[PDB]
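Numbering follows our numbering, in which position 187 of the sequence shown is assigned residue number 258; successive positions increment by one, without gaps.
In what follows, a single structure is set out as structure tokens and then discussed.
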Amino acid sequence: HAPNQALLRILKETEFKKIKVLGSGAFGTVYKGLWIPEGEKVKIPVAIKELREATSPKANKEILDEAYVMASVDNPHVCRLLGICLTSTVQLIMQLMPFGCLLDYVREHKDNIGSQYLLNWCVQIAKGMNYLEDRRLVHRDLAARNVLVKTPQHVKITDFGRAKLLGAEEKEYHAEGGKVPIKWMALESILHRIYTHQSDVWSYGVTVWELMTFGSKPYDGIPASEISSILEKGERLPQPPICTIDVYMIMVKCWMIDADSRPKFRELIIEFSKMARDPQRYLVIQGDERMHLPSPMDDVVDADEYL
Ligand SMILES: *[C@@H](CC(=O)Nc1cc2c(Nc3ccc(OCc4ccccn4)c(Cl)c3)c(C#N)cnc2cc1OCC)CN(C)C
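What follows is the structure in structure tokens.
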């Protein structure tokens, strides 16, 4: 198949500044900062991940494989890697997404999120996923926690730590063991470790459900080990209070046992987009019409305008 001609940019440590810690994990620390390429008179808001010293050879390998994947995607609804830096520990430089993860955003701003935003986000995530399908990439971890918010009007899919580029002739990815987000996974993934674009569609439905409930936990209080039999008995997540049957039927279709009967991402774009043209017909939110969310140094330029 086609040669992957993505460029991987190796950055110089003196070209970026850490301004503030965003978060700390077992992997390393994420900083908010600025990337200032020498002589270009530009300043790019970035998230910088610095791996800790104690990082194993195995962990470094997985981080570099994820970097390889992020360097190979280029779409307005998929997060962009600016580059990496090979200091004592590896640093990864991504576009800053100032409003954070979408799961938190909907929990924290629920009294101001109207139907127009919710449906637009559905369109955008469907576009990101359709692009990934075109690239023969299966994400395997789609969820509201893994969507980032550049502005309230513009979201992007992130976290390619489980993502697989399907082999040239390969139709499905077969996984081995590992720690899995059961409650977002298609039944064939839980039972048989099979992943396809159609299994990502299932996860998309669950992600939509998260948004429409303003960040409820799916199958809340139910242990992960009971999920597969609940699903086999035909039970699914409930209709969110704000959803018309039009929107709920779409989620339900994403949760069919027959993977080939689930909608395609290209059809999800179309359907949510029809609804986005008349949003109050499809989502019923009290005070919808009065809801407002935020909207937009000298040489600052967003990563999206730095090409
Ligand atoms: C959600 C809160 C939250 O997401 N906070 C954030 C996060 C970001 C991030 N996130 C991020 C993710 C991964 C990164 O690395 C990428 C990588 C590349 C190659 C190999 C391995 N890993 C980095 Cl560096 C960052 C980014 C990015 N990218 C940008 N901006 C963020 C902002 C932000 O909040 C700002 C208010 C909380 N959970 C509970 C759901």
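For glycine and all other residues, C-beta sits at the position ideal for the given N, C-alpha and C.
When the alpha-carbon of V177 is set against those of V220, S274 and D230, the nearest one is in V220.
Apart from the 5 residues on each side of it in sequence, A239 sits with its Cβ closer than 7 Å to the Cβ of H72 in its chain, given in chain order. DSSP, reduced to helix, strand and coil, places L78 outside both helices and strands of the structure shown, so it counts as coil.
A heavy atom of ligand 1 is found nearer than 7 Å to the CB of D175. Only residues of its own chain outside the window of five on either side were considered, and among them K120, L122, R123, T126, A130 and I134 have a CB closer than 8 Å to the CB of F98, listed in chain order. Bridge partners of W106 according to DSSP: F87 and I115. In the DSSP assignment, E121 is bridged to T100 and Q162. For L339, the enclosing alpha helix (DSSP H) begins and ends at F336 to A347. One Cα belongs to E297, the other to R307, and the distance between them is close to 13 Å. About 15 Å separates the Cβ atoms of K242 and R211, ruling out a contact at the 8 Å cut-off.
Counting C-beta atoms within 10 angstroms of its own C-beta, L157 has fewer than 16 neighbours from the protein chains shown and is therefore classed as exposed. The three-state reading of DSSP puts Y266 in strand, counting E and B together. By the Cβ neighbour-count rule, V355 is exposed, with fewer than 16 other Cβ atoms within 10 Å of its own. Of the residues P334, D331 and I253, the one whose Cα lies closest to the Cα of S300 is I253. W280 and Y319 have their C-alpha atoms roughly 9 Å apart. Just so you know, the alpha carbons of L262 and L82 end up roughly 43 Å apart. In chain order, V194 place their CB closer than 6 Å to the CB of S344, counting only its own chain and leaving out the 5 sequence neighbours on each side. In this structure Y202 is in contact with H148, their Cβ atoms being roughly 7 Å apart against a cut-off of 8 Å.
Excluding its 5 nearest sequence neighbours in each direction, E342 has C-beta neighbours in its own chain below 8 Å: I321 and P334, listed in chain order.
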